[PDB]
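**Student:** The structure follows.
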Ligand SMILES: Cc1cn([C@H]2C[C@H](O)[C@@H](COP(=O)(O)O)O2)c(=O)[nH]c1=O
Ligand SMILES: Cc1cn([C@H]2C[C@H](O)[C@@H](COP(=O)(O)O)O2)c(=O)[nH]c1=O
């Protein structure tokens, strides 16, 4: 067993996650490393195109409905992701189950709790590290992201997404690099 | 609290569930009762039309993906269903979470268990009675339906779907009628 690391980037919209994920992937390749970039929702599947329609406000879904649909989109990619990590390929993943929970809880729907919202993604891979880009609807998403982060300060590392692009990139590298060495370990699951 | 009963019909395809559900609804109305008929998957929503495309083999979904999507389609209707029962309206429901489990387990996918498959539908209403129409892919769906039925012989009543239409209708009435009187009770959940 020689496995890659599983790195998740989380945060509110506009936090520069998309760019910082491409940069981390570039640093890992500059270290001769094998790495793939995954982004959720995965819009390339049939369900992902439905989700894209949802995000464009062309189709509607209730809170619990939408929660399970975004989770199904993640569950769909677990065989591919497990194969890649086991081959030794690192995964950098932009948004994951935590976005799923935070965006679902921020809707304030009746009869949803955090305990309920954790059921949908059970069995999915657990990341070796979650990088949270810390920078209204987005305001309550951040509140949930803070509660998740403080629930598990082992997994969650918080970067200052207000600093410069190159500066954030540097701080992310400094957190992630020790993990790349240390994991080559059993897979962890939610 | 004066609530209606929640009756689920389950079984393999071709078991006459669709007709027997319309007949039960007719008997309840003939008893002056308020009743609505619900069928899953609910093809009238945006997600339900996606599911219809799935069943027509026009879109694809992996086992775990499909499981959560069919479950989201059920979760979507829970506010409506709870409102109806609380108003005293009986619900006769053709297919439910149990079909969801059975059809999902019959695919024989890797890394699915019955324990996993029960997570998606948690929080949904639990029926007061499940009528199982007892009459290859459909062969393993029946095997799962038998295991579910024998797990909980309080809830599950098994009818002989080989007898005549009018005869099955009679046997279903004889099981359901005592429940209609007795529930008018707290709601039960999965
Ligand atoms: C992964 C995920 C994303 N989202 C949202 C966050 C974004 O507003 C949107 C698309 O994200 P994106 O901009 O990163 O593509 O989908 C959810 O609502 N639930 C989820 O589970
Ligand atoms: C409710 C439900 C139905 N199904 C299947 C059973 C049928 O083959 C099909 C449509 O059922 P229908 O003929 O009762 O409309 O969908 C699932 O695969 N999963 C589910 O959760």
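Protein chains in written order, with the entry's author numbering: chain A, 4 to 138, 158 to 206, 208 to 213; chain A', 4 to 138, 158 to 206, 208 to 213. A prime marks a further copy of an entry chain.
Every residue, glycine too, gets a C-beta built ideally from N, C-alpha and C.
Got a sec: which bits of the stretch 77-110 of chain A sit with their beta carbon under 8 Å from any beta carbon on chain A', in order along the chain?
**Tutor:** 78, 79, 81, 82
**Student:** Indicate whether residue 94 of chain A and residue 12 of chain A have their beta-carbon atoms separated by less than 8 Å.
**Tutor:** To locate residue 94 of chain A, count along the first chain from 1; it is residue 91. To locate residue 12 of chain A, count along the first chain from 1; it is residue 9. Taking 8 Å as the Cβ cut-off, residue 94 of chain A and residue 12 of chain A do not qualify as a contacting pair.
**Student:** Can you pull out the residues from the stretch 42-65 of chain A' whose beta carbon lies closer than 7 Å to at least one beta carbon of chain A?
**Tutor:** 49, 50, 53, 62, 63, 64, 65
**Student:** Please state if the CB of residue 107 of chain A' and the CB of residue 44 of chain A' are separated by a distance shorter than 8 Å.
**Tutor:** For the purposes of this step, residue 44 of chain A' is taken as residue 41 along the second chain, with counting starting at 1. For the purposes of this step, residue 107 of chain A' is taken as residue 104 along the second chain, with counting starting at 1. No, Cβ-Cβ distance for residue 44 of chain A' and residue 107 of chain A' is not below 8 Å.
**Student:** Give a single yes or no on whether residue 106 of chain A has its beta carbon closer than 7 Å to a heavy atom of ligand 1.
**Tutor:** As a first step, residue 106 of chain A must be located in the first chain, where it is residue number 103. Checking the Cβ of residue 106 of chain A against ligand 1 gives yes.
**Student:** Would you kindly report the start and end of the unbroken beta strand (DSSP E) that includes residue 61 of chain A?
**Tutor:** Position 58 of the first chain, counted from the start, is the residue given in the question as residue 61 of chain A. Note, residue 61 of chain A: premise wrong, no beta strand (DSSP E); not H, not E.
**Student:** Check the Cβ-Cβ distances between residue 166 of chain A and every residue of chain A', and say whether any is below 8 Å.
**Tutor:** Here residue 166 of chain A refers to the residue found at position 144 of the first chain. Answer no: the Cβ-Cβ gap between residue 166 of chain A and chain A' never drops below 8 Å.
**Student:** Using C-beta distances below 6 Å, list every residue in its chain close to residue 61 of chain A, excluding the 5 sequence neighbours before and after it, in chain order.
**Tutor:** The sequence position of residue 61 of chain A within the first chain is 58, counting from 1. Within the same chain, residue 61 of chain A has no close Cβ partners at all.
**Student:** Let's see if you can read the secondary structure: which residues bound the beta strand (DSSP E) around residue 191 of chain A'?
**Tutor:** As a working mapping, residue 191 of chain A' is identified with position 169 in the second chain. Counting along the chain, residue 191 of chain A' falls outside any beta strand (DSSP E), though it belongs to the alpha helix (DSSP H) covering 187-204.
**Student:** Anything in the stretch 122-135 of chain A' with a Cβ closer than 7 Å to a Cβ of chain A? List those residues in chain order, please.
**Tutor:** 122, 123, 125, 126
**Student:** Give the residues of chain A' in contact with residue 67 of chain A, contact being defined as C-beta atoms less than 8 Å apart.
**Tutor:** Sequence index remark: in the first chain, residue 67 of chain A carries index 64 (1-based). In chain order: 75, 78, 79, 81, 126.
**Student:** So, helix, strand or coil for residue 179 of chain A', using DSSP?
**Tutor:** Within the second chain, the letter at position 157 stands for residue 179 of chain A'. Residue 179 of chain A': strand per DSSP, three-state reduction.
**Student:** Tell me, please, whether the CB atom of residue 71 of chain A is closer than 8 Å to any CB atom in chain A'?
**Tutor:** Your numbering for residue 71 of chain A matches position 68 in the first chain. At least one chain A' Cβ lies under 8 Å of residue 71 of chain A.
**Student:** Would residue 130 of chain A' be called buried (16 or more neighbouring beta carbons within 10 Å of its own) or exposed?
**Tutor:** Here the question's residue 130 of chain A' lines up with position 127 in the second chain. Residue 130 of chain A' is buried by the Cβ-count criterion.
**Student:** Does the stretch 162-181 of chain A come close enough to the stretch 162-172 of chain A' to have 3 or more Cβ pairs within less than 8 Å?
**Tutor:** The count of Cβ pairs closer than 8 Å, one atom from the stretch 162-181 of chain A and one from the stretch 162-172 of chain A', stays below three, leaving the stretches out of contact.
**Student:** Going by the DSSP bridge assignment, what does residue 42 of chain A pair with across the sheet?
**Tutor:** On the first chain, residue 42 of chain A is found 39 positions in, with the first residue counted as 1. The partner list for residue 42 of chain A (beta bridge, DSSP) reads A:97.
**Student:** Using the DSSP secondary-structure output, state which residues sit across from residue 13 of chain A' in a beta bridge.
**Tutor:** Residue mapping note: residue 13 of chain A' aligns to position 10 of the second chain, counting from 1. DSSP, once it has assigned bridges, lists A':135 as partnering residue 13 of chain A'.
**Student:** If I follow the unbroken alpha helix (DSSP H) through residue 121 of chain A, where does it start and stop?
**Tutor:** Locating residue 121 of chain A in the first chain gives position 118, counting from the first residue. First-last for residue 121 of chain A: undefined, no H or E at that position.
**Student:** At a threshold of 7 Å, does residue 103 of chain A count as lining ligand 1 (C-beta to nearest heavy atom)?
**Tutor:** Counted from its first residue, the first chain places residue 103 of chain A at position 100. Answer for residue 103 of chain A: yes, Cβ within range of ligand 1.
**Student:** If residue 125 of chain A sits next to residue 71 of chain A', beta carbons under 8 Å apart, how far is it from one beta carbon to the other, in whole angstroms?
**Tutor:** By one-based count along the first chain, residue 125 of chain A stands at place 122. By one-based count along the second chain, residue 71 of chain A' stands at place 68. Actually they do not touch by this definition, with Cβ atoms about 11 Å apart.
**Student:** If we define contact as Cβ-Cβ less than 8 Å, is residue 119 of chain A' a contact residue for chain A?
**Tutor:** Within the second chain, residue 119 of chain A' is the residue found at index 116, counting from 1. Chain A contact via Cβ: present.
**Student:** Hey, does residue 196 of chain A have any beta-carbon neighbour from chain A' nearer than 8 Å?
**Tutor:** For the purposes of this step, residue 196 of chain A is identified with residue 174 of the first chain, where counting begins at 1. Chain A', which has no Cβ nearer than 8 Å to the Cβ of residue 196 of chain A, makes this no.
**Student:** For residue 128 of chain A, name the three-state secondary structure that DSSP assigns.
**Tutor:** As a first step, residue 128 of chain A is located in the first chain; it is residue number 125 there, counting from the start. Strand.
**Student:** Under 8 Å Cβ to Cβ from residue 76 of chain A, same chain only, skipping five residues before and after it: list those, please.
**Tutor:** By 1-based counting over the first chain, the position of residue 76 of chain A is 73. Non-local C-beta neighbours of residue 76 of chain A in its own chain, meaning closer than 8 Å and more than five positions away in sequence, comprise 43, 44, 45, 48, 50, 51, 54, ordered along the chain.
**Student:** Would you report the Cα separation of residue 97 of chain A' and residue 206 of chain A, rounded to the nearest angstrom?
**Tutor:** In the second chain, residue 97 of chain A' corresponds to position 94, counting from 1. In the first chain, residue 206 of chain A corresponds to position 184, counting from 1. If you take the alpha carbons of residue 97 of chain A' and residue 206 of chain A, they lie about 50 Å apart.
**Student:** Assign residue 103 of chain A' to buried or exposed, taking buried as 16 or more other Cβ atoms, counted over all protein chains shown, within 10 Å of its Cβ.
**Tutor:** Here residue 103 of chain A' refers to the residue found at position 100 of the second chain. The residue is buried, with at least 16 neighbouring Cβ atoms inside 10 Å.
**Student:** Tell me the DSSP bridge mates of residue 212 of chain A'?
**Tutor:** If you number the second chain from 1, residue 212 of chain A' lands on position 189. Partner(s): A':128.
**Student:** Chain A' beta carbons: is any one of them nearer than 8 Å to that of residue 137 of chain A?
**Tutor:** Along the first chain, one-based indexing puts residue 137 of chain A at 134. So, not an interface residue.
**Student:** Assuming residue 105 of chain A' and residue 170 of chain A' make a contact with CB atoms under 8 Å, what is their CB distance in whole Å?
**Tutor:** As a first step, residue 105 of chain A' must be located in the second chain, where it is residue number 102. As a first step, residue 170 of chain A' must be located in the second chain, where it is residue number 148. The Cβ separation is near 7 Å, so the contact holds.
**Student:** Considering only their Cβ atoms, is the gap separating residue 159 of chain A from residue 20 of chain A smaller than 8 Å?
**Tutor:** Residue numbering aside, residue 20 of chain A sits at position 17 when the first chain is read from its first letter. Residue numbering aside, residue 159 of chain A sits at position 137 when the first chain is read from its first letter. In this structure, residue 159 of chain A does not lie closer than 8 Å to residue 20 of chain A by Cβ.
**Student:** Show which residues of chain A have a CB atom less than 8 Å away from the CB atom of residue 204 of chain A'.
**Tutor:** If you number the second chain from 1, residue 204 of chain A' lands on position 182. Within chain A, no residue comes near residue 204 of chain A'; the closest Cβ sits about 26 Å away, beyond 8 Å.
**Student:** Spatial neighbours of residue 91 of chain A within its chain, please: CB distance less than 7 Å, with the 5 preceding and 5 following residues excluded, ordered by chain position.
**Tutor:** The residue labelled residue 91 of chain A in the question sits at position 88 within the first chain. Excluding sequence neighbours, residue 91 of chain A sits near 5, 6, 7, 37.
**Student:** If we count the other Cβ atoms within 10 Å of its Cβ and call it buried at 16 or more, is residue 68 of chain A' buried or exposed?
**Tutor:** As a working mapping, residue 68 of chain A' is identified with position 65 in the second chain. Its Cβ being crowded by 16 or more others within 10 Å, residue 68 of chain A' is buried.
**Student:** If you follow the alpha helix (DSSP H) that residue 161 of chain A' is in, where does it begin and where does it stop?
**Tutor:** Counting from 1 along the second chain, the entry for residue 161 of chain A' is found at position 139. Counting along the chain, the alpha helix (DSSP H) containing residue 161 of chain A' begins and ends at 159-173.
**Student:** Following a CB-centred definition, is residue 43 of chain A positioned closer than 7 Å to any heavy atom of ligand 1?
**Tutor:** Your numbering for residue 43 of chain A matches position 40 in the first chain. Yes, since a heavy atom of ligand 1 falls inside the 7 Å radius drawn around the Cβ of residue 43 of chain A.
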